[PDB]
$ cat my_file01.pdb   # PDB, C-alpha atoms
ATOM      1  CA  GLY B1487      44.629  30.953  44.967  1.00  0.00           C
ATOM      2  CA  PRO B1488      47.176  28.222  45.623  1.00  0.00           C
ATOM      3  CA  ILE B1489      49.623  26.632  43.203  1.00  0.00           C
ATOM      4  CA  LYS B1490      50.223  22.907  43.645  1.00  0.00           C
ATOM      5  CA  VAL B1491      52.713  20.381  42.272  1.00  0.00           C
ATOM      6  CA  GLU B1492      52.059  16.714  41.556  1.00  0.00           C
ATOM      7  CA  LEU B1493      54.252  14.199  43.383  1.00  0.00           C
ATOM      8  CA  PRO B1494      55.439  10.719  42.385  1.00  0.00           C
ATOM      9  CA  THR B1495      52.556   9.360  44.503  1.00  0.00           C
ATOM     10  CA  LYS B1496      50.088  11.469  42.444  1.00  0.00           C
ATOM     11  CA  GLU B1497      49.396  13.612  45.539  1.00  0.00           C
ATOM     12  CA  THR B1498      49.546  17.353  44.848  1.00  0.00           C
ATOM     13  CA  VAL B1499      51.166  19.722  47.353  1.00  0.00           C
ATOM     14  CA  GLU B1500      50.983  23.506  47.495  1.00  0.00           C
ATOM     15  CA  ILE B1501      54.164  25.257  46.344  1.00  0.00           C
ATOM     16  CA  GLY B1502      52.989  28.852  45.874  1.00  0.00           C
ATOM     17  CA  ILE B1503      50.082  31.237  45.447  1.00  0.00           C
ATOM     18  CA  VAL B1504      48.602  32.906  42.395  1.00  0.00           C
ATOM     19  CA  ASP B1505      48.216  36.605  43.173  1.00  0.00           C
ATOM     20  CA  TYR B1506      46.883  39.021  40.548  1.00  0.00           C
ATOM     21  CA  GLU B1507      45.366  42.393  41.418  1.00  0.00           C
ATOM     22  CA  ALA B1508      44.477  45.049  38.866  1.00  0.00           C
ATOM     23  CA  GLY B1509      42.356  48.157  38.569  1.00  0.00           C
ATOM     24  CA  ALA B1510      40.404  49.043  35.448  1.00  0.00           C
ATOM     25  CA  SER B1511      40.757  46.219  32.935  1.00  0.00           C
ATOM     26  CA  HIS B1512      38.981  44.480  30.080  1.00  0.00           C
ATOM     27  CA  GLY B1513      39.707  40.916  31.208  1.00  0.00           C
ATOM     28  CA  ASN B1514      41.631  38.588  33.486  1.00  0.00           C
ATOM     29  CA  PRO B1515      45.121  37.849  32.094  1.00  0.00           C
ATOM     30  CA  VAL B1516      45.759  34.956  34.498  1.00  0.00           C
ATOM     31  CA  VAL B1517      42.831  32.869  33.280  1.00  0.00           C
ATOM     32  CA  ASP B1518      43.698  33.584  29.639  1.00  0.00           C
ATOM     33  CA  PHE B1519      47.297  32.477  30.162  1.00  0.00           C
ATOM     34  CA  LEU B1520      46.223  29.279  31.915  1.00  0.00           C
ATOM     35  CA  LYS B1521      43.635  28.524  29.222  1.00  0.00           C
ATOM     36  CA  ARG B1522      46.104  28.943  26.375  1.00  0.00           C
ATOM     37  CA  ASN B1523      49.104  27.195  27.949  1.00  0.00           C
ATOM     38  CA  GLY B1524      47.569  24.619  30.288  1.00  0.00           C
ATOM     39  CA  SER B1525      44.605  22.298  30.106  1.00  0.00           C
ATOM     40  CA  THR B1526      41.442  22.346  32.184  1.00  0.00           C
ATOM     41  CA  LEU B1527      40.699  19.425  34.501  1.00  0.00           C
ATOM     42  CA  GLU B1528      37.036  18.402  34.345  1.00  0.00           C
ATOM     43  CA  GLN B1529      35.600  16.317  37.179  1.00  0.00           C
ATOM     44  CA  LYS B1530      32.558  15.137  35.230  1.00  0.00           C
ATOM     45  CA  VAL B1531      33.265  12.280  32.823  1.00  0.00           C
ATOM     46  CA  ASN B1532      30.660  11.433  30.202  1.00  0.00           C
ATOM     47  CA  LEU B1533      29.698   7.900  29.290  1.00  0.00           C
ATOM     48  CA  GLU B1534      30.076   7.115  25.604  1.00  0.00           C
ATOM     49  CA  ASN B1535      26.298   6.617  25.436  1.00  0.00           C
ATOM     50  CA  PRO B1536      23.636   7.833  27.893  1.00  0.00           C
ATOM     51  CA  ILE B1537      21.732   5.108  29.730  1.00  0.00           C
ATOM     52  CA  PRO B1538      17.986   5.904  29.841  1.00  0.00           C
ATOM     53  CA  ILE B1539      16.477   5.311  33.280  1.00  0.00           C
ATOM     54  CA  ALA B1540      12.775   6.144  32.919  1.00  0.00           C
ATOM     55  CA  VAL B1541      10.187   8.505  31.465  1.00  0.00           C
ATOM     56  CA  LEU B1542       7.667   9.444  34.135  1.00  0.00           C
ATOM     57  CA  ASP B1543       4.361  11.287  34.415  1.00  0.00           C
ATOM     58  CA  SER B1544       3.680  13.908  37.073  1.00  0.00           C
ATOM     59  CA  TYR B1545       0.974  16.482  37.731  1.00  0.00           C
ATOM     60  CA  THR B1546       0.867  19.878  39.384  1.00  0.00           C
ATOM     61  CA  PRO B1547      -1.622  20.354  42.249  1.00  0.00           C
ATOM     62  CA  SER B1548      -4.840  22.276  41.741  1.00  0.00           C
ATOM     63  CA  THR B1549      -3.905  24.795  44.448  1.00  0.00           C
ATOM     64  CA  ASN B1550      -0.521  26.279  45.335  1.00  0.00           C
ATOM     65  CA  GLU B1551      -1.609  27.114  48.890  1.00  0.00           C
ATOM     66  CA  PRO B1552      -0.419  23.952  50.722  1.00  0.00           C
ATOM     67  CA  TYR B1553       3.102  24.216  49.311  1.00  0.00           C
ATOM     68  CA  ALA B1554       3.208  27.903  50.212  1.00  0.00           C
ATOM     69  CA  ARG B1555       2.062  27.177  53.753  1.00  0.00           C
ATOM     70  CA  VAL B1556       4.568  24.380  54.325  1.00  0.00           C
TER      71      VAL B1556
ATOM     72  CA  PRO X 921     106.487  19.713   0.693  1.00  0.00           C
ATOM     73  CA  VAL X 922     105.287  22.596   2.776  1.00  0.00           C
ATOM     74  CA  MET X 923     102.504  22.483   5.332  1.00  0.00           C
ATOM     75  CA  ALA X 924     100.767  25.772   6.060  1.00  0.00           C
ATOM     76  CA  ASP X 925      98.654  26.140   9.204  1.00  0.00           C
ATOM     77  CA  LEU X 926      96.030  28.806   8.467  1.00  0.00           C
ATOM     78  CA  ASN X 927      93.907  27.867  11.485  1.00  0.00           C
ATOM     79  CA  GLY X 928      94.274  30.997  13.641  1.00  0.00           C
ATOM     80  CA  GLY X 929      94.968  29.084  16.847  1.00  0.00           C
ATOM     81  CA  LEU X 930      91.677  27.173  16.796  1.00  0.00           C
ATOM     82  CA  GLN X 931      93.585  23.953  17.527  1.00  0.00           C
ATOM     83  CA  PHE X 932      94.335  25.300  21.013  1.00  0.00           C
ATOM     84  CA  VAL X 933      90.669  25.320  22.087  1.00  0.00           C
ATOM     85  CA  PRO X 934      89.982  22.007  23.886  1.00  0.00           C
ATOM     86  CA  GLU X 935      86.816  19.978  23.342  1.00  0.00           C
ATOM     87  CA  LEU X 936      85.902  22.078  20.332  1.00  0.00           C
ATOM     88  CA  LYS X 937      82.661  20.278  19.486  1.00  0.00           C
ATOM     89  CA  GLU X 938      81.230  20.723  22.983  1.00  0.00           C
ATOM     90  CA  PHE X 939      82.413  24.326  23.186  1.00  0.00           C
ATOM     91  CA  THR X 940      80.720  25.281  19.919  1.00  0.00           C
ATOM     92  CA  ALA X 941      77.556  23.369  20.825  1.00  0.00           C
ATOM     93  CA  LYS X 942      77.439  25.256  24.123  1.00  0.00           C
ATOM     94  CA  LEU X 943      77.770  28.590  22.317  1.00  0.00           C
ATOM     95  CA  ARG X 944      75.036  27.641  19.884  1.00  0.00           C
ATOM     96  CA  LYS X 945      72.624  26.486  22.585  1.00  0.00           C
ATOM     97  CA  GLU X 946      73.286  29.610  24.627  1.00  0.00           C
ATOM     98  CA  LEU X 947      72.260  31.757  21.684  1.00  0.00           C
ATOM     99  CA  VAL X 948      69.270  29.664  20.701  1.00  0.00           C
ATOM    100  CA  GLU X 949      67.970  29.618  24.254  1.00  0.00           C
ATOM    101  CA  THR X 950      68.338  33.363  24.715  1.00  0.00           C
ATOM    102  CA  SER X 951      66.509  33.989  21.440  1.00  0.00           C
ATOM    103  CA  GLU X 952      63.649  31.590  22.185  1.00  0.00           C
ATOM    104  CA  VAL X 953      63.169  32.739  25.762  1.00  0.00           C
ATOM    105  CA  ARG X 954      63.043  36.385  24.770  1.00  0.00           C
ATOM    106  CA  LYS X 955      60.607  35.712  21.931  1.00  0.00           C
ATOM    107  CA  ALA X 956      58.259  33.661  24.116  1.00  0.00           C
ATOM    108  CA  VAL X 957      58.291  36.167  26.971  1.00  0.00           C
ATOM    109  CA  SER X 958      57.630  39.044  24.576  1.00  0.00           C
ATOM    110  CA  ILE X 959      54.701  37.225  22.958  1.00  0.00           C
ATOM    111  CA  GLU X 960      53.157  36.465  26.341  1.00  0.00           C
ATOM    112  CA  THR X 961      53.588  40.033  27.594  1.00  0.00           C
ATOM    113  CA  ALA X 962      51.975  41.365  24.417  1.00  0.00           C
ATOM    114  CA  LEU X 963      49.036  38.977  24.754  1.00  0.00           C
ATOM    115  CA  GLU X 964      48.528  39.934  28.398  1.00  0.00           C
ATOM    116  CA  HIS X 965      48.547  43.609  27.421  1.00  0.00           C
ATOM    117  CA  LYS X 966      46.062  42.938  24.623  1.00  0.00           C
ATOM    118  CA  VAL X 967      43.656  41.159  26.982  1.00  0.00           C
ATOM    119  CA  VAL X 968      43.958  43.564  29.929  1.00  0.00           C
TER     120      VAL X 968
END
$ encode --input "my_file01.pdb" --output "structure tokens"
Amino acid sequence: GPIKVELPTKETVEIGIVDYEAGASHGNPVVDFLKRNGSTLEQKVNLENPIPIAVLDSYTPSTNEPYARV
Amino acid sequence: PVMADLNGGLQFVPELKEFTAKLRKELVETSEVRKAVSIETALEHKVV
């Protein structure tokens, strides 16, 4: 994969490529190194408290044929 | 009164503080770099 560097404008630009190839192995050393030395960026950001939206009732049809046919 | 200089020519080294600090940092850096690289190579071996 690519390696990117953050800029003063917070835009990241590619500066190199990760390139690991190995035969028989018990693990991936690249991912272990990055886990132990870096931090993982997570896109999803949790609210401090979930906001309930609704609790709804639904029913399954009495025959599965129409869904199969469509 | 007699004044004996038992300094072994150290007075002829200019900017002595900076020179000795440079020597010390050279050594410390070499030691730390080597230790860190060795630890990481060992861990990579242990995972692969």
$ interface_residues --input "my_file01.pdb" --of "chain X" --to "chain B" --cutoff "6 Å" --atoms "all atoms listed in the file" --output "number ranges by chain"
X: 964, 967-968
$ atom_distance --input "my_file01.pdb" --atom1 "CA of residue 1490 (chain B)" --atom2 "CA of residue 1521 (chain B)"
16.8 Å
$ atom_distance --input "my_file01.pdb" --atom1 "CA of residue 948 (chain X)" --atom2 "CA of residue 930 (chain X)"
22.9 Å
$ atom_distance --input "my_file01.pdb" --atom1 "CA of residue 945 (chain X)" --atom2 "CA of residue 928 (chain X)"
23.9 Å
$ closest_residue --input "my_file01.pdb" --among "B:1522, B:1505, B:1489, B:1496" --to "residue 963 (chain X)" --atoms "only C-alpha atoms"
B:1522
$ resolve_selection --input "my_file01.pdb" --expression "the PyMOL selection byres ((chain B and resi 1502) around 7)" --output "PDB file with C-alpha atoms, in the frame of the given file"
ATOM      1  CA  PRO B1488      47.176  28.222  45.623  1.00  0.00           C
ATOM      2  CA  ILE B1489      49.623  26.632  43.203  1.00  0.00           C
ATOM      3  CA  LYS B1490      50.223  22.907  43.645  1.00  0.00           C
ATOM      4  CA  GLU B1500      50.983  23.506  47.495  1.00  0.00           C
ATOM      5  CA  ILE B1501      54.164  25.257  46.344  1.00  0.00           C
ATOM      6  CA  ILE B1503      50.082  31.237  45.447  1.00  0.00           C
ATOM      7  CA  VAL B1504      48.602  32.906  42.395  1.00  0.00           C
TER       8      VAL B1504
END
$ decode --input "my_file01.pdb" --residues "region 1502-1527 of chain B" --atoms "N, CA, C and O atoms" --output "compact mmCIF listing (two decimals), in the first residue's frame"
# COMPACT_ATOMS: atom_id res chain seq x y z
N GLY B 1502 5.66 7.22 -0.34
CA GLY B 1502 6.30 5.93 -0.49
C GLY B 1502 5.27 4.83 -0.42
O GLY B 1502 4.07 5.09 -0.23
N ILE B 1503 5.74 3.60 -0.56
CA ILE B 1503 4.88 2.42 -0.59
C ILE B 1503 5.36 1.43 0.45
O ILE B 1503 6.57 1.18 0.57
N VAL B 1504 4.42 0.88 1.22
CA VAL B 1504 4.70 -0.31 2.01
C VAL B 1504 4.78 -1.51 1.07
O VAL B 1504 3.97 -1.64 0.14
N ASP B 1505 5.76 -2.38 1.30
CA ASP B 1505 5.96 -3.52 0.40
C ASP B 1505 6.58 -4.65 1.21
O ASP B 1505 7.80 -4.68 1.41
N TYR B 1506 5.75 -5.58 1.67
CA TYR B 1506 6.19 -6.74 2.42
C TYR B 1506 5.70 -8.00 1.72
O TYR B 1506 4.50 -8.15 1.48
N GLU B 1507 6.63 -8.90 1.40
CA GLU B 1507 6.30 -10.18 0.81
C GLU B 1507 7.09 -11.27 1.52
O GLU B 1507 8.30 -11.14 1.68
N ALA B 1508 6.40 -12.32 1.94
CA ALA B 1508 7.03 -13.39 2.69
C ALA B 1508 6.39 -14.71 2.29
O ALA B 1508 5.25 -14.76 1.82
N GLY B 1509 7.14 -15.79 2.49
CA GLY B 1509 6.61 -17.12 2.28
C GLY B 1509 5.94 -17.63 3.54
O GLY B 1509 5.15 -16.92 4.15
N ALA B 1510 6.26 -18.86 3.94
CA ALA B 1510 5.66 -19.42 5.13
C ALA B 1510 5.93 -18.51 6.32
O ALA B 1510 7.06 -18.08 6.55
N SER B 1511 4.88 -18.23 7.09
CA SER B 1511 4.98 -17.33 8.23
C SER B 1511 3.85 -17.63 9.19
O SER B 1511 2.88 -18.30 8.85
N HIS B 1512 3.98 -17.11 10.40
CA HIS B 1512 2.96 -17.24 11.42
C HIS B 1512 2.16 -15.96 11.63
O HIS B 1512 1.22 -15.96 12.42
N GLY B 1513 2.51 -14.88 10.94
CA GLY B 1513 1.83 -13.61 11.14
C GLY B 1513 2.34 -12.59 10.15
O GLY B 1513 3.21 -12.86 9.32
N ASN B 1514 1.78 -11.39 10.26
CA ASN B 1514 2.20 -10.25 9.44
C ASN B 1514 3.01 -9.29 10.30
O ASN B 1514 2.45 -8.68 11.22
N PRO B 1515 4.32 -9.14 10.06
CA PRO B 1515 5.10 -8.25 10.93
C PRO B 1515 4.77 -6.78 10.73
O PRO B 1515 4.90 -5.99 11.68
N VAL B 1516 4.34 -6.39 9.54
CA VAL B 1516 4.06 -4.98 9.25
C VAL B 1516 2.92 -4.48 10.13
O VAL B 1516 3.02 -3.43 10.77
N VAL B 1517 1.83 -5.23 10.17
CA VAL B 1517 0.67 -4.82 10.95
C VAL B 1517 1.01 -4.78 12.43
O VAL B 1517 0.56 -3.88 13.15
N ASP B 1518 1.79 -5.74 12.91
CA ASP B 1518 2.19 -5.74 14.32
C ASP B 1518 3.02 -4.51 14.65
O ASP B 1518 2.81 -3.86 15.69
N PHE B 1519 3.98 -4.18 13.79
CA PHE B 1519 4.79 -2.99 14.03
C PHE B 1519 3.92 -1.74 14.08
O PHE B 1519 4.04 -0.92 15.00
N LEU B 1520 3.02 -1.59 13.11
CA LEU B 1520 2.18 -0.40 13.07
C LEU B 1520 1.24 -0.34 14.27
O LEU B 1520 0.98 0.74 14.80
N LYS B 1521 0.72 -1.49 14.71
CA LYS B 1521 -0.13 -1.51 15.89
C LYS B 1521 0.63 -1.05 17.12
O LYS B 1521 0.13 -0.26 17.92
N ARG B 1522 1.85 -1.56 17.30
CA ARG B 1522 2.57 -1.27 18.54
C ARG B 1522 3.15 0.14 18.56
O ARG B 1522 3.23 0.75 19.63
N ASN B 1523 3.56 0.67 17.41
CA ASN B 1523 4.23 1.96 17.38
C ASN B 1523 3.31 3.11 17.01
O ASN B 1523 3.48 4.22 17.52
N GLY B 1524 2.35 2.89 16.13
CA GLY B 1524 1.43 3.91 15.71
C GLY B 1524 0.14 3.88 16.51
O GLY B 1524 0.05 3.31 17.59
N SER B 1525 -0.87 4.54 15.95
CA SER B 1525 -2.23 4.47 16.46
C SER B 1525 -3.15 4.26 15.27
O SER B 1525 -2.81 4.64 14.14
N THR B 1526 -4.29 3.64 15.52
CA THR B 1526 -5.24 3.35 14.46
C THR B 1526 -6.26 4.48 14.35
O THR B 1526 -6.83 4.90 15.36
N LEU B 1527 -6.47 4.97 13.14
CA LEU B 1527 -7.50 5.97 12.88
C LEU B 1527 -8.83 5.27 12.65
O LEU B 1527 -8.93 4.39 11.80
